[PDB]
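Quick heads-up: it's one chain on its own, the form deposited without its partner chain, in structure tokens.
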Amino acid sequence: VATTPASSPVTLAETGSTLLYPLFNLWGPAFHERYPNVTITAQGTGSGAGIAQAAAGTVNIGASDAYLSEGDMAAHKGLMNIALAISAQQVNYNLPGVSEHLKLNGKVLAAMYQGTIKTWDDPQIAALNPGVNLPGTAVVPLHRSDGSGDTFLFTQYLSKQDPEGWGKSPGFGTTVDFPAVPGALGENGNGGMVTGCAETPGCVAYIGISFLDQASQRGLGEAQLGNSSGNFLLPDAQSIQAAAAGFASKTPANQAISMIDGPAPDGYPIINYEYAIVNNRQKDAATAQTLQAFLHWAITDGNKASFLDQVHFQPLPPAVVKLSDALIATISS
């Protein structure tokens, strides 16, 4: 693995995951400060564009919260997903006056997105939140309009917890045919989800953890999500470090692994690796070497708390760092 960038000016273009975007805005300047000859550009366009453009050769780095499907790998040989850090997703809602962190699970959320739960005081919700005065506000299940990693993560949670329902249809993916129910409205990017949700009381939205602060500032509630052990957790360092322990020794060599709804009793149900989608063959030697240098930097120096703590991510455990490096090292020209 090349740990030093070429000396000639090189530009690494990135695009994709709005979830990973805030972090790339920190990494980019830091690396550039260290190696002035290297220019890093990034844009928040959603995981879909990330996968699409990296595959088309339009950018050097596609950012994605979703791993490549077996189909994607077969269609674009040389394309791989390298883990860079661990992140998570929370479920925000707009219910002014409700102080508590409402408890929800994949079964109840699937019902909301399927239109069977139409109000916030529905029996299925009250059963999970005894003592809370739930309003009769109508539920408005919002979803991402653009191909999104958050959609992939959310719909996998729903699919795992509701195998016979959501699991069968519409299943999961970066783009999903959401049930056409009242309020099934589309919003662009995580920002759009925050903004959309804050707009009208009763909204529900799956939003990436790096937008947690913004969501709170807008006065949105944050749900406690139930895991398979019957526990309801908030996404924080503790619950994510606990959920990751479930897959630290079980990550495949190609790193395509779902860490959704794991077995850790105290683990948060929606965590995931953030991926750099990159092609095994680059423009020239200088560019291949610089991309390697940057990616290895990102998973070592870039994984320090000074960086990750700002967007609420956790670092990759060592065995995984090793696997990423092994993939970084195949980047040639």
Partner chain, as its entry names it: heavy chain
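Residue numbers count along the first chain shown, from 1.
There is another form of this protein, the form solved in complex with its partner chain, and it is not shown here; the text below is about that form.
Comment: its partner chain is not present in this chain, but in the entry with it bound one of 214, 241, 195, 258 has a heavy atom within 4.5 Å of it, namely 258. A heavy atom within 4.5 Å of its partner chain in the entry with it bound is found for exactly one of 70, 284, 301, 266: 70.
Contact check for residue 159: a heavy atom falls within 4.5 Å of its partner chain in the entry with it bound. Using a 4.5 angstroms threshold between heavy atoms, residue 219 stays clear of its partner chain in the entry with it bound. Remark: residue 172 counts among the residues lining its partner chain in the entry with it bound, judged by a heavy atom distance of 4.5 Å or less.
In the entry with it bound, its partner chain sits beyond 4.5 Å of every heavy atom of residue 97. For its partner chain in the entry with it bound, the listed stretch (185-193, 205-213, 84-92, 159-167) containing residues with heavy atoms inside 4.5 Å is 159-167.
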